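A single chain, nothing else alongside it, follows as structure tokens in the form deposited in one PDB entry.
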């Protein structure tokens, strides 16, 4: 019952990026895989902690909509190995290559994402950084939620997806299922409008300040016409400035399924 990969079996290749801790690479281990390593040979103290935290969460997940954790290593360097997703992140599709998804496909992507979130929450896992860039469209179909570590289970910037309470830090622990729900709301906004929120404001600090005070919020009137009213309503629900008024995924999921069933 061990997920530790034997020493020196992982072949590392092209450098991809650098999420959470360390650097991510496309590598080899019983096929293509993603490898999140640590450049230093001296794992330091709190680096060996963020490492054990991620593995600890990742290893509690087995769901088609959650990036597949395959194993970890301490080999020469600490390394988390996950499946290799073929394609691009939803963020890249929507805002870089501006892919034109049909409404059916957009509804389905929101569904799978919620499917995935519902699962994480059932396991008492709070993502804490859900955003269109951590949502991968594997093989152009099938959502894979990724990048954890920053994720916890039970007791740069990504402000666009941060709920008002999170921005305020009036608890130092404003994170909860509800704040995950809010970010999903911002993700819904992207799919449904094809754009990032507040694109007409060029000052981040202003954006941060105003969302936190409840003065600014996503402009829902921007939703595409062919967007089902029930979706636009689900969206507003998730984006409630007041935490406790937001619905939970079991509910989100039911709503998205009923609007999807009656769409064609």
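Residue numbers count along the first chain shown, from 1. Under this definition, the rigid core comprises the largest set of C-alpha atoms superposing within 1.5 Å between the forms. Only residues modelled in both forms are compared.
In what follows, reference is made to the form deposited with a partner chain bound, a form of this protein that is not presented.
Among heavy atoms of residue 92, some come within 4.5 Å of its partner chain in the entry with it bound. Although the partner is absent here, residue 207 sits close enough that one of its heavy atoms falls within 4.5 Å of its partner chain in the entry with it bound. The shortest heavy atom separation between residue 220 and its partner chain in the entry with it bound exceeds 4.5 Å. Although the partner is absent from this view, residue 75 stays clear of its partner chain in the entry with it bound, with no non-hydrogen atom inside 4.5 angstroms. Contact with its partner chain in the entry with it bound, defined as a heavy atom within 4.5 Å, holds for exactly one of 52, 224, 232, 213, namely 213.
With a cut-off of 2 Å and the rigid core superposed, residue 31 has a Cα displacement that falls short of the cut-off between this form and the one not shown. With the core superposed, residue 214 shows a C-alpha displacement below 2 Å between this form and the one not shown. Relative to the superposed rigid core, the position of the CA of residue 46 differs between this form and the one not shown by 2 Å or more.
Once the core is fitted, the segments that move between this form and the one not shown, counting only runs of three or more residues with each CA displaced by at least 2 angstroms, are 40-46, 171-173.
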